[PDB]
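A.B. asks: Sharing a structure here in structure tokens format.
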Amino acid sequence: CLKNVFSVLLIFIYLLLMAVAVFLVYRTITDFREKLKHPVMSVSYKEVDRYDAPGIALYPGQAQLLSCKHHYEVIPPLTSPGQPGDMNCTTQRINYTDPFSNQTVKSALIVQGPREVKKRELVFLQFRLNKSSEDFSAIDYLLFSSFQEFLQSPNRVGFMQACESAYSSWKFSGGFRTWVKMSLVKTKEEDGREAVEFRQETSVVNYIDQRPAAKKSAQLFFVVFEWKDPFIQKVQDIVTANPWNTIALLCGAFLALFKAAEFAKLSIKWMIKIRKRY
Amino acid sequence: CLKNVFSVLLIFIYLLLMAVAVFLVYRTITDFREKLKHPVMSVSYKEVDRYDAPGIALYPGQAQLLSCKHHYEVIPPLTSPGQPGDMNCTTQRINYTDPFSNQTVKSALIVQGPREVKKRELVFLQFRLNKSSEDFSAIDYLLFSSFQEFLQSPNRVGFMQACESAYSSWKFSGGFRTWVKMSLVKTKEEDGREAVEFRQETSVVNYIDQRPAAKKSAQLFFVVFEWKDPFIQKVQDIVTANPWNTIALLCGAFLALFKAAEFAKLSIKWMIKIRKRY
Amino acid sequence: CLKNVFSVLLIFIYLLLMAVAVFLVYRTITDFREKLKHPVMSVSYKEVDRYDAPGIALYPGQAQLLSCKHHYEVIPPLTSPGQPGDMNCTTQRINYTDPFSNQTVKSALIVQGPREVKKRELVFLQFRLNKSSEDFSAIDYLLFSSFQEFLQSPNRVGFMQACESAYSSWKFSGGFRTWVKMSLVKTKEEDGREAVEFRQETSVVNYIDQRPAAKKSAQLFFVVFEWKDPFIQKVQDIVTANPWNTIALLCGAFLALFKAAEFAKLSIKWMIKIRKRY
Ligand SMILES: *[C@@H]1O[C@H](CO)[C@@H](O[C@@H]2O[C@H](CO)[C@@H](O)[C@H](O)[C@H]2NC(C)=O)[C@H](O)[C@H]1NC(C)=O
Ligand SMILES: *[C@@H]1O[C@H](CO)[C@@H](O[C@@H]2O[C@H](CO)[C@@H](O)[C@H](O)[C@H]2NC(C)=O)[C@H](O)[C@H]1NC(C)=O
Ligand SMILES: *[C@@H]1O[C@H](CO)[C@@H](O[C@@H]2O[C@H](CO)[C@@H](O)[C@H](O)[C@H]2NC(C)=O)[C@H](O)[C@H]1NC(C)=O
Ligand SMILES: *[C@@H]1O[C@H](CO)[C@@H](O)[C@H](O)[C@H]1NC(C)=O
Ligand SMILES: *[C@@H]1O[C@H](CO)[C@@H](O)[C@H](O)[C@H]1NC(C)=O
Ligand SMILES: *[C@@H]1O[C@H](CO)[C@@H](O)[C@H](O)[C@H]1NC(C)=O
Ligand SMILES: *[C@@H]1O[C@H](CO)[C@@H](O)[C@H](O)[C@H]1NC(C)=O
Ligand SMILES: *[C@@H]1O[C@H](CO)[C@@H](O)[C@H](O)[C@H]1NC(C)=O
Ligand SMILES: *[C@@H]1O[C@H](CO)[C@@H](O)[C@H](O)[C@H]1NC(C)=O
Ligand SMILES: *[C@@H]1O[C@H](CO)[C@@H](O)[C@H](O)[C@H]1NC(C)=O
Ligand SMILES: *[C@@H]1O[C@H](CO)[C@@H](O)[C@H](O)[C@H]1NC(C)=O
Ligand SMILES: *[C@@H]1O[C@H](CO)[C@@H](O)[C@H](O)[C@H]1NC(C)=O
């Protein structure tokens, strides 16, 4: 009457293997949910021959700018303060309404930044704020990726608001030269898009005002816009769980368990033979 | 007498397949050891409606602070130097012993930072150090994540040492306004923990001292504490090698090799038939 | 005459499964090409007992340096400006030709940085530039990983050019103390190499010149070189697609499809039996 016992015994292999099968599909499902929740990042650096001329959206307001001078040389030659002119920018002043507020027009000024990173070209601006009641001399600016696109785009009055919302506006101080070493990051969201963001590393250098040494003491600002490295750090969140390399593995495990059940039927046959031997 | 030769020939399939099997399990084992050694990082940005009020653990020492003023406006209105008062902080001065030393009590001061990032709220502090022998005016500070937790926690005298050991204490200078744009990173170690770290980007703005223009020339410090972006960069090291999606693949490869050995037995049968045909 | 119809019907399982097989190998091939294009990054922090003494390649030019003083104390004690001496560096002045130009010899100066991060040792330099026509007082520097290697290496005149090309040269300003908190990143390119890069976070602190308060007003520079954290952020791009864990999965899927074709032959047998029943 204990033959059905041996039957359920040989079937215990089926039972345990179906149990580990449902356990494994559960674990694989929950791990796929996890790896689908938050993907994995991946950085790659693509060295570029020469950058596309960025757009420096300075917001001087009242402070008139003195000079512009690109300098392929690693060092900007000796300047002469308080003297306007010497401008050699492809500058363009453009107005728009702050998308944050729409309550105050923020006059701007656009500059074609440096292009030749290997030649180490660098825009060197100069500004002046003849004494006012600001109490903190600061001219904030902004960087978008390619200046020619701004020149050619239609209704750039709105393209500028799009930039101001996309990028971030960090100010350069007043009273010392701020060597801004720009650098790009072409980050790619997974929804088939490419987002260009500027990450810069300022380095302020104090201005020795002993050269003018006068009674005017008018505030004057200095900037240097440079390309940090000839590379473009582009980061894209890689989806580490595709719907294919997981179902194939689940099928492989299901087949492993099926083959194991077949080997278990073979082992039950061997055990029946051994019992017949006894 | 050369039949055993054909036998060992048909068995050479078994031999080579068992060899590639041990090679593949070796490679999979060593790759699992590697991917278990150092996991893969993964960044995700979770935009928050409004931040939990951080805790600014300034260490003024002797320098009394003049004013506090939150400013939902993007710009702090014009200040008046040398004049105390106007404080509207939920400030709290707290003492403790430096866990690094335990040899000197470091008087502190806690401030409830800004909360509404979308409203662009910003704490604007002011300090004074009437002329002393410091030779370098610097007031270091510290940031922990949520101020109300500090208020409610028990024995915050030790919670502060825990913070000082966990976070990092970077000083803001003296003589110009330092626009500190705080930002959080809720990093998650894999051992079921969540670590909150502050990564800020200062931006100093020189102070035009021509407004006081007196013979006192007392050192005075300005700060601005702001939330950089409404996002919270949270990074978690994803374990790229789970103990399951590797053993399933090993079993799939073992079955591929078993099926290949079966097809090889079939090919040996075909070769025996071809030999019988000849 | 419609028996061949049932034949092609049972064969439609073979057809659809071979179709999904070629589709799956196509998808796996293209995903392997993708994951081979750009690998996945992975950060790990290895706390070190004590750092290997870095090499600070300052480029003073004409500015003679006043003093050196390591300070295990977290704060450098009160200095005395304008007074040379007090040097306790293992300094070494070395010349070479700028690999960028080869048109101008750039005199340098090497300093053995701090070693004991847990002891919070910190090099504190001092410089002077008696009034000149620079108009912007800046002394740029440079960091390589281990100073003893520089001392022992052969023909360091070229090792220095190698460093200048490998690392990046960021200047510390003139007129205020720049607390440079160095930190290493031992990044590993996949081609069996280990690249050591310095990523530092400066923090300038204004110099109160009321202590000299003379008519000389000579430019003088202050630096502090410190180790930020006792950790060494080492990042290595993990190849997320190995040539092995993909072919094993492809074989597992091929076997899943073979077993499915066998079950389909069984289903065709069941359908033939059902048709015979009718
Ligand atoms: C862009 O906006 C600026 C600032 O509003 C304009 O500058 C003003 O132009 C008017 C023209 O009559 C002057 O009267 C004002 O004195 C200017 N500045 C202010 C407000 O004091 C500028 O005209 C606008 N764009 C351009 C270049 O036309
Ligand atoms: C926290 O520590 C500070 C600094 O030690 C304390 O400030 C001192 O308080 C005593 C009270 O009699 C004064 O006599 C000292 O002049 C204060 N500062 C020093 C050392 O000169 C403060 O009292 C402590 N906490 C509070 C708010 O009670
Ligand atoms: C490394 O280069 C510097 C700068 O060229 C050398 O300093 C010059 O040394 C000569 C020796 O006669 C002096 O006449 C010059 O006045 C020095 N500086 C300059 C150019 O004005 C230095 O000698 C070189 N290395 C060493 C330490 O010998
Ligand atoms: C600006 O630079 C170009 C470079 O070729 C030069 O030709 C031009 O004369 C410069 N303009 C001025 C205003 O000097
Ligand atoms: C622009 O400002 C107006 C108020 O003048 C406001 O009603 C509108 O919503 C703003 N535009 C947006 C969508 O930000
Ligand atoms: C200072 O700037 C203003 C314009 O903002 C101008 O009217 C005034 O003449 C300037 N002074 C000098 C010295 O150029
Ligand atoms: C602080 O700000 C709140 C905002 O409602 C205001 O009601 C309160 O009067 C302010 N306190 C002072 C000291 O002005
Ligand atoms: C605190 O300082 C004391 C010396 O007063 C020292 O013995 C103790 O180890 C310190 N606590 C720790 C664990 O840092
Ligand atoms: C300067 O600060 C000290 C307190 O540190 C105070 O005794 C002194 O009166 C202050 N001077 C002024 C001008 O308020
Ligand atoms: C430099 O520091 C060491 C530390 O032991 C000291 O022995 C030596 O006297 C110092 N040198 C000078 C110039 O003081
Ligand atoms: C070094 O400069 C010379 C010019 O004097 C130049 O010909 C050579 O290419 C430079 N070396 C390199 C490879 O940078
Ligand atoms: C200033 O430095 C120069 C050397 O560069 C030296 O000749 C001159 O005597 C120095 N002056 C003082 C006050 O030491």
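Simple scheme: letters A, B, ... for chains in structure tokens order, numbers from 1 for residues in each chain, numbers from 1 for ligands in the order shown.
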Could you give me, as a compact mmCIF listing (two decimals) with N, CA and C atoms, in the first residue's frame, the residues within 7 Å of segment 33-43 of chain B, counting only C-alpha atoms and dropping anything in the same chain fewer than 3 positions from it?

C.D. replies:
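Output contents, as saved in selection30.txt:
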```txt
# COMPACT_ATOMS: atom_id res chain seq x y z
N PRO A 39 18.06 53.25 -13.92
CA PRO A 39 19.08 52.70 -14.81
C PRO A 39 20.49 53.04 -14.37
N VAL A 40 21.45 52.57 -15.16
CA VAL A 40 22.85 52.76 -14.85
C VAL A 40 23.45 53.83 -15.76
N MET A 41 24.25 54.72 -15.17
CA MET A 41 24.90 55.80 -15.88
C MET A 41 26.16 55.29 -16.56
N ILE B 29 32.82 32.27 -13.17
CA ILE B 29 33.16 32.42 -11.72
C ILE B 29 34.05 33.65 -11.56
N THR B 30 35.10 33.78 -12.38
CA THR B 30 36.02 34.90 -12.21
C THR B 30 35.34 36.23 -12.55
N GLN B 233 20.03 64.87 -6.46
CA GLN B 233 20.85 63.82 -7.06
C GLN B 233 21.09 62.69 -6.08
N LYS B 234 20.40 61.56 -6.26
CA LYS B 234 20.59 60.40 -5.40
C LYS B 234 21.29 59.30 -6.18
N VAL B 235 22.42 58.85 -5.65
CA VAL B 235 23.27 57.86 -6.31
C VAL B 235 23.31 56.61 -5.44
N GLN B 236 23.13 55.45 -6.07
CA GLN B 236 23.20 54.17 -5.38
C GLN B 236 24.03 53.20 -6.22
N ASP B 237 25.02 52.58 -5.58
CA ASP B 237 25.86 51.59 -6.25
C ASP B 237 25.02 50.35 -6.51
N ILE B 238 24.68 50.12 -7.78
CA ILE B 238 23.91 48.94 -8.15
C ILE B 238 24.85 47.74 -8.22
N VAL B 239 24.48 46.66 -7.53
CA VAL B 239 25.23 45.41 -7.62
C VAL B 239 24.93 44.81 -9.00
N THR B 240 25.91 44.85 -9.89
CA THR B 240 25.67 44.40 -11.26
C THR B 240 25.68 42.89 -11.39
N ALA B 241 26.13 42.16 -10.37
CA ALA B 241 26.17 40.70 -10.39
C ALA B 241 25.36 40.16 -9.23
N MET C 41 30.44 53.04 -16.15
CA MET C 41 31.38 53.52 -15.14
C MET C 41 31.03 52.92 -13.79
N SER C 42 31.99 52.94 -12.87
CA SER C 42 31.83 52.37 -11.54
C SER C 42 32.84 53.00 -10.59
N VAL C 43 32.33 53.66 -9.55
CA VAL C 43 33.15 54.37 -8.59
C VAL C 43 33.28 53.53 -7.33
N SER C 44 34.46 53.57 -6.72
CA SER C 44 34.71 52.94 -5.44
C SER C 44 35.71 53.78 -4.68
```

A.B. asks: If you count only C-alpha atoms, which residues fall within 12 Å of residue 272 of chain C, apart from same-chain ones fewer than 5 positions away, as number ranges by chain?

C.D. replies: C: 3, 6-7, 9-10, 265-267, 277-278

A.B. asks: Just to be explicit: take each residue in the selection above, keep N, CA, C and O atoms, and write the result as an mmCIF file, in the first residue's frame.

C.D. replies:
```cif
data_model
loop_
_atom_site.group_PDB
_atom_site.id
_atom_site.type_symbol
_atom_site.label_atom_id
_atom_site.label_comp_id
_atom_site.auth_asym_id
_atom_site.auth_seq_id
_atom_site.Cartn_x
_atom_site.Cartn_y
_atom_site.Cartn_z
ATOM 1 N N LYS C 3 -3.880 17.394 -46.865
ATOM 2 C CA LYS C 3 -2.985 16.898 -45.825
ATOM 3 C C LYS C 3 -1.702 17.715 -45.764
ATOM 4 O O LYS C 3 -1.200 18.009 -44.672
ATOM 5 N N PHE C 6 -2.049 20.532 -43.437
ATOM 6 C CA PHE C 6 -1.764 20.245 -42.034
ATOM 7 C C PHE C 6 -0.269 20.074 -41.806
ATOM 8 O O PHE C 6 0.249 20.401 -40.730
ATOM 9 N N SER C 7 0.439 19.560 -42.810
ATOM 10 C CA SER C 7 1.889 19.446 -42.716
ATOM 11 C C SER C 7 2.528 20.820 -42.561
ATOM 12 O O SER C 7 3.300 21.065 -41.627
ATOM 13 N N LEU C 9 1.093 23.342 -41.599
ATOM 14 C CA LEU C 9 0.612 23.902 -40.342
ATOM 15 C C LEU C 9 1.532 23.520 -39.193
ATOM 16 O O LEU C 9 2.007 24.383 -38.446
ATOM 17 N N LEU C 10 1.784 22.220 -39.031
ATOM 18 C CA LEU C 10 2.742 21.780 -38.024
ATOM 19 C C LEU C 10 4.113 22.407 -38.250
ATOM 20 O O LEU C 10 4.845 22.664 -37.288
ATOM 21 N N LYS C 265 5.912 19.816 -31.949
ATOM 22 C CA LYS C 265 5.721 18.519 -32.589
ATOM 23 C C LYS C 265 4.794 17.643 -31.756
ATOM 24 O O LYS C 265 3.938 16.933 -32.296
ATOM 25 N N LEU C 266 4.945 17.697 -30.431
ATOM 26 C CA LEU C 266 4.035 16.966 -29.554
ATOM 27 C C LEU C 266 2.605 17.477 -29.697
ATOM 28 O O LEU C 266 1.652 16.688 -29.722
ATOM 29 N N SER C 267 2.435 18.796 -29.788
ATOM 30 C CA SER C 267 1.107 19.365 -29.978
ATOM 31 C C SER C 267 0.523 18.983 -31.330
ATOM 32 O O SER C 267 -0.689 18.787 -31.449
ATOM 33 N N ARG C 277 -9.842 11.303 -33.821
ATOM 34 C CA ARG C 277 -10.998 11.077 -32.958
ATOM 35 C C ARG C 277 -12.278 11.580 -33.613
ATOM 36 O O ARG C 277 -13.361 11.021 -33.404
ATOM 37 N N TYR C 278 -12.174 12.637 -34.413
ATOM 38 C CA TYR C 278 -13.332 13.199 -35.098
ATOM 39 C C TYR C 278 -13.590 12.482 -36.418
ATOM 40 O O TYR C 278 -12.914 11.507 -36.750
#
```

A.B. asks: Enumerate as a ChimeraX atom specification the residues belonging to chain B that approach chain A to within 6 Å, with only C-alpha atoms taken into account.

C.D. replies: /B:42,205-208,248,251-252

A.B. asks: Around ligand 7, out to 7 Å and counting only C-alpha atoms and all ligand atoms, which residues are there? I want them as a list in words.

C.D. replies: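 For ligand 7, the residues inside 7 Å are residues 86, 87 and 88 of chain B.
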
A.B. asks: Return as a ChimeraX atom specification every polymer residue, whether protein, DNA or RNA, with at least one atom no more than 8 Å from an atom of ligand 12; count only C-alpha atoms and all ligand atoms.

C.D. replies: /C:62-64,82,128-131,216,218

A.B. asks: Can I get the selection written as a short mmCIF file (atom, residue, chain, number, x, y, z; two decimals), in the first residue's frame, with N, CA and C atoms?

C.D. replies:
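After the write, part-v8.cif holds the following:
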```cif
data_model
loop_
_atom_site.label_atom_id
_atom_site.label_comp_id
_atom_site.auth_asym_id
_atom_site.auth_seq_id
_atom_site.Cartn_x
_atom_site.Cartn_y
_atom_site.Cartn_z
N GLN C 62 59.15 85.07 -11.08
CA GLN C 62 59.99 86.02 -10.36
C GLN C 62 59.65 86.10 -8.88
N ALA C 63 58.43 85.73 -8.49
CA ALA C 63 57.99 85.86 -7.11
C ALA C 63 58.74 84.89 -6.22
N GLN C 64 59.65 85.41 -5.41
CA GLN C 64 60.31 84.59 -4.41
C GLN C 64 59.30 84.16 -3.34
N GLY C 82 55.66 89.66 5.02
CA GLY C 82 56.83 90.39 4.57
C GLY C 82 58.16 89.89 5.08
N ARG C 128 55.85 86.41 -2.31
CA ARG C 128 55.90 87.85 -2.46
C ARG C 128 56.22 88.21 -3.90
N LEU C 129 55.54 89.23 -4.41
CA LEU C 129 55.83 89.82 -5.71
C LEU C 129 55.93 91.32 -5.50
N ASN C 130 57.14 91.79 -5.20
CA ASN C 130 57.34 93.22 -4.99
C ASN C 130 56.98 93.97 -6.26
N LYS C 131 56.26 95.08 -6.09
CA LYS C 131 55.39 95.67 -7.11
C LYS C 131 55.98 95.58 -8.51
N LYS C 216 54.52 100.33 1.05
CA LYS C 216 55.08 99.41 0.07
C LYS C 216 53.97 98.72 -0.73
N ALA C 218 53.29 95.64 -1.36
CA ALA C 218 53.84 94.64 -2.27
C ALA C 218 52.92 93.42 -2.28
#
```
